[PDB]
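Here the structure comes first, spelled out in structure tokens, and everything after it is commentary.
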Amino acid sequence: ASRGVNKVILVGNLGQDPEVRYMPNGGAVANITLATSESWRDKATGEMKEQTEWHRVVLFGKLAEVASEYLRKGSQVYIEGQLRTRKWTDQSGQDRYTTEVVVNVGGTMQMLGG
Amino acid sequence: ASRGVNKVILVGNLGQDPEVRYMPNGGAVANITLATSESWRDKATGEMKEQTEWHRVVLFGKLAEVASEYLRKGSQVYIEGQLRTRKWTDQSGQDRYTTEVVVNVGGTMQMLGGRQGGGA
Amino acid sequence: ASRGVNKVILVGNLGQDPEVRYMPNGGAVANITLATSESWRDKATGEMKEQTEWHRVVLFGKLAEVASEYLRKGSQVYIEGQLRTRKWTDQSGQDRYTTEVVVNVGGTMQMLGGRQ
Amino acid sequence: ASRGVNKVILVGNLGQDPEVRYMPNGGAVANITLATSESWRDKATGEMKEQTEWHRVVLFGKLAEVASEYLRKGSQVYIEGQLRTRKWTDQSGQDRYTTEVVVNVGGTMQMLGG
């Protein structure tokens, strides 16, 4: 063929309110940041030893809007976007961010969250 | 005591042979780079186009090894790892890479895929 | 292709309290039934129509227990088991049930309150 | 309280030709049967036993067609449908089949390369 399967699945809480914004063509684009966590106590020296990944998801169109009107910090959502590392040059050098992009092929859904 | 679900699923072809290591000379860590692709005929030229994401997957333990013994450039694998963006300071500033880490909760599997008969 | 990938992912609510069982082996086996839902509109025969699949998940070992101690009707869990249609002859004919089996390769996790 | 996430992911080989049908008036419906496998040696016998699940996937629209035109037996596909147990009364009693339904939210893709 010439395609493959690039899929990301997430169940997490927004760590910050939806970071909305618009662009050319007049685009709706939410930038929520999810946080998954995985703990595993045993053999160390003190207290606690948890780890929590922070995903940089990226919504578009409706979802973007939806996110904006109803998503809040603490909420718990299920994302089915896809990996998309994007290059951008900072105030000098080139930086790239891998973000969770939910475009059609996937979709957000929230739970009872908090 | 937080958890949630951080899962990545990939079906793709390695774009470069597998980068394998062993620490402590057995904590094997493979670093294969997958490539997924998504085309479409560009409408304004009518020509063919194709953007292709390159994922940086990371295998461990057995899979790492497995990858090493049987995973070659162009091979097609199914990974079920999880997202793990990790921070590292370059030769000056701080950089972070989001890699596909396959640790237990997931696992690699290859298809007959493309480009075989290695050792002509 | 020689082994393939059989994976099921679910986010749903138990429709009834668990159903723990202990087999000779000594293991515990929870049989919670999840319910996913998908509503939608039309123009043929219906209003805002909603159909809801009922998955028959199957837990083992710890999870089975966990489920038992803290899973009740209405809880919301994330299962990562695998499809497993199993044949069994009823009080006469042969019947087969496709159940969501979570064995190692996957795992349960609940939303809103947990092992806490 | 009217959703959740019901998703099935499969990478497998059709165990035989895709049963391709074109509904009463138009849209088709493919009925390919996937086969996943899981082996292991016997902790005593040493035999290389292997259990293999057979999924009953269901394609629609394009995919259905695609399947028909290019999915040959033995083909290896990736399905991203969702679980859908459906009730039907046999030539007497009530029977229910849990099938892998690929409707929009998912999609078929075959492997090959050679």
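Convention: chains lettered A, B, ... in structure tokens order; per-chain residue numbering from 1; ligands numbered from 1 as shown.
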Where does chain D meet chain A within 8 Å, residue by residue, with the nearest atom pair and distance in Å to one decimal for each, counting only C-alpha atoms, listed by chain and rising number, as a tab-separated table?
residue	atom	partner	partner_atom	distance
D:4	CA	A:109	CA	7.7
D:105	CA	A:105	CA	6.5
D:106	CA	A:105	CA	7.3
D:109	CA	A:4	CA	7.7
D:110	CA	A:1	CA	7.5
D:111	CA	A:1	CA	6.8
D:112	CA	A:1	CA	7.0
D:113	CA	A:1	CA	6.7
Residues of chain C within 9 Å of chain D, using only C-alpha atoms, as a ChimeraX atom specification? /C:1-13,35-39,50-55,76,78,82-85,95-99
Residue set, segment 59-89 of chain D restricted to helix (DSSP H, G or I), as a list in words: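 So, restricting segment 59-89 of chain D to helix (DSSP H, G or I), we get residues 61, 62, 63, 64, 65, 66, 67, 68, 69 and 70 of chain D.
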Among segment 2-101 of chain A, which residues carry a DSSP assignment of strand (DSSP E), reported as a ChimeraX atom specification? /A:5-14,22-23,27-28,33-38,51-59,76-79,82-89,94-101
Kindly export the residues of the current selection with C-alpha atoms, as a CSV table (one decimal), in the first residue's frame.
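Contents of the output file part_1.csv:
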chain,number,residue,atom,x,y,z
A,5,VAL,CA,-2.0,3.2,11.1
A,6,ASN,CA,-1.2,6.2,13.3
A,7,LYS,CA,-3.5,6.3,16.2
A,8,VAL,CA,-3.4,7.7,19.7
A,9,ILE,CA,-5.9,7.0,22.4
A,10,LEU,CA,-6.1,9.0,25.6
A,11,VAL,CA,-8.1,9.2,28.7
A,12,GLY,CA,-7.0,12.2,30.7
A,13,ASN,CA,-7.7,15.5,32.5
A,14,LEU,CA,-7.1,18.9,31.0
A,22,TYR,CA,-8.5,31.2,15.3
A,23,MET,CA,-6.4,31.3,12.2
A,27,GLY,CA,-10.1,28.1,11.9
A,28,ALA,CA,-11.2,26.8,15.3
A,33,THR,CA,-3.0,19.4,27.4
A,34,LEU,CA,-3.9,16.0,28.7
A,35,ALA,CA,-2.1,14.2,31.6
A,36,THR,CA,-2.0,10.4,31.9
A,37,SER,CA,-0.3,8.9,35.0
A,38,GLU,CA,1.3,5.6,36.0
A,51,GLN,CA,5.1,9.7,36.8
A,52,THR,CA,2.6,11.6,34.7
A,53,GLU,CA,2.8,12.2,31.0
A,54,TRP,CA,1.4,15.5,29.6
A,55,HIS,CA,0.0,15.2,26.1
A,56,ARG,CA,-0.3,18.2,23.9
A,57,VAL,CA,-3.5,17.5,22.1
A,58,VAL,CA,-4.8,19.6,19.2
A,59,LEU,CA,-8.5,19.9,18.2
A,76,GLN,CA,-11.7,13.8,32.0
A,77,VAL,CA,-11.7,13.1,28.2
A,78,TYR,CA,-11.2,10.4,25.8
A,79,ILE,CA,-9.3,11.4,22.7
A,82,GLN,CA,-3.2,10.9,15.9
A,83,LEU,CA,0.4,11.7,16.4
A,84,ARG,CA,1.6,14.8,14.6
A,85,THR,CA,5.0,16.2,15.4
A,86,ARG,CA,5.2,19.7,13.9
A,87,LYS,CA,8.3,21.8,13.3
A,88,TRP,CA,8.4,25.5,14.3
A,89,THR,CA,11.4,27.8,14.7
A,94,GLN,CA,14.2,25.1,15.2
A,95,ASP,CA,11.9,23.3,17.6
A,96,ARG,CA,9.4,20.5,17.0
A,97,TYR,CA,6.3,19.6,19.1
A,98,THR,CA,4.6,16.2,18.9
A,99,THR,CA,0.9,16.9,19.4
A,100,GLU,CA,-2.2,14.8,19.7
A,101,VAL,CA,-4.3,15.9,16.7
After least-squares alignment of chain A to chain D over all Cα atoms in order, what RMSD do you get? 1.6 Å
Produce a table with one row for each residue of chain B that has an atom at most 9 Å from any atom of chain C, each row naming the nearest atom pair and its distance in Å at one decimal; use only C-alpha atoms; arrange rows by chain and rising residue number; format as JSON lines.
{"residue": "B:1", "atom": "CA", "partner": "C:116", "partner_atom": "CA", "distance": 7.6}
{"residue": "B:3", "atom": "CA", "partner": "C:109", "partner_atom": "CA", "distance": 8.2}
{"residue": "B:4", "atom": "CA", "partner": "C:109", "partner_atom": "CA", "distance": 7.5}
{"residue": "B:5", "atom": "CA", "partner": "C:78", "partner_atom": "CA", "distance": 8.1}
{"residue": "B:78", "atom": "CA", "partner": "C:5", "partner_atom": "CA", "distance": 8.1}
{"residue": "B:104", "atom": "CA", "partner": "C:105", "partner_atom": "CA", "distance": 7.9}
{"residue": "B:105", "atom": "CA", "partner": "C:105", "partner_atom": "CA", "distance": 6.3}
{"residue": "B:106", "atom": "CA", "partner": "C:105", "partner_atom": "CA", "distance": 7.0}
{"residue": "B:107", "atom": "CA", "partner": "C:105", "partner_atom": "CA", "distance": 8.8}
{"residue": "B:109", "atom": "CA", "partner": "C:4", "partner_atom": "CA", "distance": 7.7}
{"residue": "B:110", "atom": "CA", "partner": "C:1", "partner_atom": "CA", "distance": 8.3}
{"residue": "B:111", "atom": "CA", "partner": "C:1", "partner_atom": "CA", "distance": 6.0}
{"residue": "B:112", "atom": "CA", "partner": "C:1", "partner_atom": "CA", "distance": 7.3}
If we count only C-alpha atoms, which residues of chain B reach to within 12 Å of chain A? Please list them as an MDAnalysis selection string. chainID B and resid 1:14 34:40 49:57 74:87 90 92:101 103 105 111 113:114
Would you list the contacts of residue 69 of chain A as a PyMOL selection string, taking every protein, DNA or RNA residue within 12 Å and counting only C-alpha atoms, but skipping same-chain residues closer than 3 positions in sequence? chain A and resi 17-20+28+30+62-66+72
Just the selected residues (N, CA and C atoms), exported as a short mmCIF file (atom, residue, chain, number, x, y, z; two decimals), in the first residue's frame, please.
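The file below, result18.cif, is the result:
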data_model
loop_
_atom_site.label_atom_id
_atom_site.label_comp_id
_atom_site.auth_asym_id
_atom_site.auth_seq_id
_atom_site.Cartn_x
_atom_site.Cartn_y
_atom_site.Cartn_z
N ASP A 17 -7.49 25.08 31.12
CA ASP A 17 -8.68 25.30 30.32
C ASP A 17 -8.31 25.17 28.86
N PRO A 18 -9.30 24.98 27.99
CA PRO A 18 -8.99 24.88 26.57
C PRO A 18 -8.29 26.16 26.10
N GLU A 19 -7.22 25.99 25.35
CA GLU A 19 -6.44 27.11 24.83
C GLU A 19 -6.91 27.38 23.39
N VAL A 20 -8.06 28.04 23.25
CA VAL A 20 -8.62 28.33 21.93
C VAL A 20 -7.84 29.38 21.15
N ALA A 28 -10.96 27.01 13.84
CA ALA A 28 -11.19 26.80 15.26
C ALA A 28 -10.13 25.83 15.72
N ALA A 30 -8.45 24.21 19.24
CA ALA A 30 -8.24 24.08 20.67
C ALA A 30 -6.91 23.39 20.95
N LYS A 62 -15.32 21.83 14.74
CA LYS A 62 -16.29 21.69 15.82
C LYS A 62 -15.64 21.34 17.17
N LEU A 63 -15.01 20.17 17.26
CA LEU A 63 -14.38 19.75 18.50
C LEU A 63 -13.66 20.91 19.14
N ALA A 64 -12.87 21.60 18.35
CA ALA A 64 -12.13 22.74 18.85
C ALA A 64 -13.13 23.59 19.62
N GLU A 65 -14.20 23.97 18.94
CA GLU A 65 -15.23 24.80 19.55
C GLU A 65 -15.81 24.13 20.77
N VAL A 66 -16.28 22.90 20.59
CA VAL A 66 -16.87 22.15 21.68
C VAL A 66 -15.98 22.27 22.89
N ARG A 72 -13.16 22.01 30.64
CA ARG A 72 -12.54 22.75 31.73
C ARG A 72 -11.39 21.96 32.28
#
Find the residues around residue 67 of chain C up to 12 Å (only C-alpha atoms counted), leave out those fewer than 4 positions away in its own chain, and share them as a PyMOL selection string. chain C and resi 14+16-21+28-33+57-63+71-73+75-79+107-110+114-115
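From atom CA of residue 103 of chain D back to atom CA of residue 46 of chain C, the distance works out to 19.8 Å.
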Could you list, as a compact mmCIF listing (two decimals) with N, CA, C and O atoms, in the first residue's frame, every residue within 12 Å of residue 18 of chain B, counting only C-alpha atoms and ignoring same-chain residues fewer than 4 positions away?
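The new file out05.txt reads:
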# COMPACT_ATOMS: atom_id res chain seq x y z
N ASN B 13 6.03 1.21 8.76
CA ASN B 13 7.26 0.59 8.30
C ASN B 13 8.48 1.29 8.88
O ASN B 13 8.52 2.51 8.99
N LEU B 14 9.48 0.51 9.27
CA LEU B 14 10.67 1.14 9.81
C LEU B 14 11.28 1.86 8.63
O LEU B 14 11.29 1.32 7.52
N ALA B 28 18.50 -4.44 26.95
CA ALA B 28 18.24 -4.15 25.55
C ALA B 28 17.21 -3.05 25.32
O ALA B 28 16.15 -3.03 25.92
N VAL B 29 17.56 -2.12 24.45
CA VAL B 29 16.67 -1.05 24.12
C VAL B 29 16.76 -0.75 22.63
O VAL B 29 17.73 -0.18 22.17
N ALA B 30 15.73 -1.14 21.89
CA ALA B 30 15.70 -0.91 20.46
C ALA B 30 15.09 0.45 20.17
O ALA B 30 14.20 0.89 20.88
N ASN B 31 15.58 1.10 19.12
CA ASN B 31 15.06 2.42 18.75
C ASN B 31 14.69 2.48 17.28
O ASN B 31 15.33 3.18 16.51
N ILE B 32 13.66 1.74 16.90
CA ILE B 32 13.25 1.75 15.52
C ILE B 32 12.41 2.99 15.24
O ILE B 32 11.74 3.51 16.13
N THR B 33 12.46 3.46 14.00
CA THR B 33 11.71 4.63 13.56
C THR B 33 10.66 4.28 12.53
O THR B 33 10.99 3.99 11.38
N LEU B 34 9.40 4.31 12.94
CA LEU B 34 8.31 3.98 12.02
C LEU B 34 7.89 5.15 11.17
O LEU B 34 8.13 6.31 11.51
N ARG B 56 8.96 7.78 16.46
CA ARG B 56 10.17 7.29 17.09
C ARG B 56 9.71 6.35 18.18
O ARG B 56 9.48 6.75 19.30
N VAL B 57 9.57 5.08 17.83
CA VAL B 57 9.15 4.08 18.77
C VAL B 57 10.34 3.61 19.61
O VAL B 57 11.50 3.73 19.21
N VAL B 58 10.04 3.07 20.79
CA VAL B 58 11.08 2.58 21.68
C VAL B 58 10.67 1.25 22.30
O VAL B 58 9.71 1.19 23.05
N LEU B 59 11.41 0.20 21.99
CA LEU B 59 11.13 -1.13 22.50
C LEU B 59 12.03 -1.44 23.68
O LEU B 59 13.05 -0.78 23.88
N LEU B 63 10.89 -7.70 23.21
CA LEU B 63 10.56 -7.00 21.97
C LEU B 63 11.79 -6.31 21.41
O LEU B 63 12.06 -6.38 20.22
N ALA B 64 12.52 -5.63 22.28
CA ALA B 64 13.72 -4.96 21.84
C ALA B 64 14.55 -5.98 21.07
O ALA B 64 14.90 -5.76 19.92
N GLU B 65 14.82 -7.10 21.72
CA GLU B 65 15.59 -8.16 21.10
C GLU B 65 14.94 -8.64 19.81
O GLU B 65 15.57 -8.68 18.75
N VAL B 66 13.68 -9.05 19.93
CA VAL B 66 12.94 -9.53 18.79
C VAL B 66 13.17 -8.59 17.64
O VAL B 66 13.60 -8.99 16.58
N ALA B 67 12.87 -7.33 17.87
CA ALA B 67 13.07 -6.32 16.87
C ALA B 67 14.43 -6.52 16.23
O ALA B 67 14.56 -6.67 15.02
N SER B 68 15.45 -6.55 17.08
CA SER B 68 16.82 -6.70 16.63
C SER B 68 17.09 -7.90 15.75
O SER B 68 17.73 -7.79 14.72
N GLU B 69 16.61 -9.05 16.17
CA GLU B 69 16.86 -10.25 15.39
C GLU B 69 16.07 -10.37 14.10
O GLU B 69 16.54 -10.98 13.14
N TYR B 70 14.88 -9.78 14.05
CA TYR B 70 14.06 -9.95 12.87
C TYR B 70 13.47 -8.71 12.23
O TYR B 70 12.81 -8.83 11.19
N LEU B 71 13.69 -7.54 12.82
CA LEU B 71 13.15 -6.29 12.26
C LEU B 71 14.16 -5.52 11.42
O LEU B 71 15.16 -5.05 11.95
N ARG B 72 13.88 -5.36 10.13
CA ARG B 72 14.79 -4.66 9.23
C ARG B 72 14.17 -3.49 8.47
O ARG B 72 12.95 -3.39 8.36
N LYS B 73 15.01 -2.60 7.94
CA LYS B 73 14.51 -1.42 7.23
C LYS B 73 13.37 -1.80 6.30
O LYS B 73 13.46 -2.79 5.57
N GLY B 74 12.29 -1.03 6.33
CA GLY B 74 11.16 -1.31 5.48
C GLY B 74 10.17 -2.30 6.07
O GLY B 74 9.05 -2.43 5.57
N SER B 75 10.58 -3.01 7.12
CA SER B 75 9.70 -3.97 7.78
C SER B 75 8.45 -3.24 8.23
O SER B 75 8.47 -2.02 8.41
N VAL B 77 5.61 -3.05 11.16
CA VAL B 77 5.26 -3.49 12.50
C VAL B 77 4.06 -2.81 13.08
O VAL B 77 3.66 -1.75 12.64
What is the distance, in Å and to one decimal place, between atom CA of residue 15 of chain C and atom CA of residue 74 of chain C?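 According to the coordinates, atom CA of residue 15 of chain C and atom CA of residue 74 of chain C are separated by 6.3 Å.
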